[PDB]
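The structure appears below as structure tokens.
Just so it is clear: chains get the letters A, B, ... in the order the sequence lines come, proteins before strands, and each one is counted from 1.
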Amino acid sequence: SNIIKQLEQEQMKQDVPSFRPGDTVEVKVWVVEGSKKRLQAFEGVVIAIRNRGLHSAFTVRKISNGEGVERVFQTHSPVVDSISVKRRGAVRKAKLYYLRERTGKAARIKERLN
RNA sequence: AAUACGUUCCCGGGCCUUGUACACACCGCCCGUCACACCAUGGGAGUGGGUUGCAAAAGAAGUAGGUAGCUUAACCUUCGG
Ligand SMILES: [Mg+2]
Ligand SMILES: [Mg+2]
């Protein structure tokens with residue numbers, strides 16, 4: 001516990017920016033592209049956050065080619081290179097699972113602006 | 001030797017006439033089922049395409065309308081905007 005807490009926080013990123021459910025987020029991820037290693041962008045809406053120290057995670061949801069793609073990131077993974085908020089969204093819930101039944105015009109999210 | 005009134009009836013034939021779908025001409029012509037082969041076609045549980053009405057759903061780009069957020073060399077500035 002202390003031992004574990006101590007093992008876990010020496011592995012934790014220090015500069016995770018603040019973001020919240022409904023925000024539009026761009027995550028830059030390290031990938032091996034054939035024989036290259038590059039950053040690849042993945043942009044979408046944060047529909048779920050799991051706050052849990054080192055095991056923190058978050059689910060980003062986007063539309064590719066008419067169909068939805070959801071990516072669960074482990075926030076502290078070295079695979080995740082950076083996170084940046086592209087727009088601040090206004091929602092009430094913590095978990096936006098209802099957006100999965102919505103498409104295009106129905107799935108929009110107002111801007112927070114404050 | 002017998003017998004013949006007579007021509008209604010049988011058979012062959014002649015002339016006039018009539019009907020005919022016959023003309024290798026009534027031993028003529030021709031009809032439908034049935035059997036076999038071929039052709040095209042209708043119906044047929046269905047199978048696969050084209051086009052189309054109605055009722056809704058969808059909403060890329062563009063253009064126009066609105067505009068709190070962000071941003072801005074030329075004009076105004078009392079230099080803050
Ligand atoms: Mg006679
Ligand atoms: Mg037929």
Provide the distance between the two [atom1] atoms, one in [N] and one in [M], to the nearest whole Å.
N       : M       : atom1 : result
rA35(B) : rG43(B) : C1'   : 26 Å
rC11(B) : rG6(B)  : P     : 25 Å
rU18(B) : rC10(B) : P     : 25 Å
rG81(B) : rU72(B) : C1'   : 14 Å
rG48(B) : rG53(B) : P     : 24 Å
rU52(B) : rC39(B) : P     : 39 Å
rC29(B) : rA21(B) : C1'   : 8 Å
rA25(B) : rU20(B) : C1'   : 12 Å

Nucleotide [N] sugar, north or south by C1'-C2'-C3'-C4':
N       : value
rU17(B) : north
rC24(B) : south
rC54(B) : north
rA23(B) : south
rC75(B) : north

Once rounded to the nearest 0.5 Å, what's the spacing between atom [atom1] of [X] and atom [atom2] of [Y]?
X       : Y       : atom1 : atom2 : value
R100(A) : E70(A)  : CZ    : CD    : 4.0 Å
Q11(A)  : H76(A)  : CD    : NE2   : 10.0 Å
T24(A)  : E111(A) : OG1   : CD    : 9.0 Å

Do the six-ring planes of [N] and [M] sit under 30° apart with centres under 5.5 Å?
N       : M       : answer
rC15(B) : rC16(B) : yes
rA61(B) : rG62(B) : yes
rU63(B) : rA64(B) : yes
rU7(B)  : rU8(B)  : no
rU77(B) : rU78(B) : no

Quick one: [X] [atom1] to [N] [atom2], roughly how many Å, whole number?
X       : N       : atom1 : atom2 : value
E67(A)  : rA58(B) : CD    : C1'   : 17 Å
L113(A) : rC70(B) : CG    : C1'   : 10 Å
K105(A) : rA57(B) : NZ    : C1'   : 15 Å

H55(A)-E8(A) side chain donor-acceptor pair, cut-off 3.5 Å: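 Side chains of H55(A) and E8(A): pair found under 3.5 Å.
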
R50(A) side-chain N/O to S56(A) backbone N/O, donor-acceptor pair under 3.5 Å: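 Judged by distance alone, no pair lies under 3.5 Å.
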
Residue closer to the 5' end of RNA chain B, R88(A) versus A106(A) (nearest nucleotide):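 Taking each residue's closest nucleotide, the earlier one in sequence belongs to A106(A).
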
Which is more 5' along RNA chain B, the nucleotide nearest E111(A) or the one nearest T103(A)? Just name the residue.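 Between the two, 5'-proximity favours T103(A).
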
Fit a plane to each ring of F58(A) and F19(A), take the angle between them on a 0 to 90° scale, and name the class: parallel (under 30°), tilted (30 to 60°) or perpendicular (over 60°).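 Geometry flag for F19(A) against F58(A): tilted rings.
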
Taking only N and O in the side chain of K86(A), is any of them less than 4.0 Å away from OP1 or OP2 of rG69(B)?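 Indeed not, no polar side-chain atom of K86(A) lies that close.
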
